[PDB]
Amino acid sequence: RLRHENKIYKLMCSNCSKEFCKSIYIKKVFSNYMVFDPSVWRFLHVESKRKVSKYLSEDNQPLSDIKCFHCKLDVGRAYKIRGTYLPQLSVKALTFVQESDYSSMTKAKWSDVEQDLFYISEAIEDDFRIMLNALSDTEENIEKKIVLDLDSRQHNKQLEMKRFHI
């Protein structure tokens, strides 16, 4: 019965307060909450874990580690979904700030964000389209694509070599 006003929030690093993106760029992909703002990568450091995920999916590859570019806090993980690299920001690494309300809060779960702060809808085709080529516009961002491509390649090889048993 208690509905929020679905305001716009800034999503900030809870360690150094740098802003990653606005709330309206969060979209879900089957319970995975991802950022579909192509500018977000500028604010993220991408680094290989040098270990393939134990969850081996073709559609939904958990790949490189993502850190705040400023302070290097671990803020989530990059995925490859439907051929597209996407940042998944951890809700516990964020602070949500609303300017007009003069309010700032943390939340323990993304479902708490949806309940208390702002609505989050399912990502659709245009969201994947706008993110597909987001990493080819800055030298820093091109180096990040190299990491992701390498992790994705090893992920695919691990899945192929396990399927060799079957």
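The first residue of the shown sequence is 1; numbering continues from there.
- Between the stretches 140-148 and 16-24, it is 140-148 that shows the larger average CA temperature factor.
- Stretches 25-33 and 127-135 differ in mean CA B factor, with 127-135 having the higher one.
- Within the listed group 55, 119, 110, 41, the record reports its top CA B-factor for 55.
- The residue among 82, 77, 72, 92 whose C-alpha atom has the highest B-factor in the PDB entry is 82.
- Looking at the C-alpha B-factors along this chain, the one for residue 7 belongs to the lowest third.
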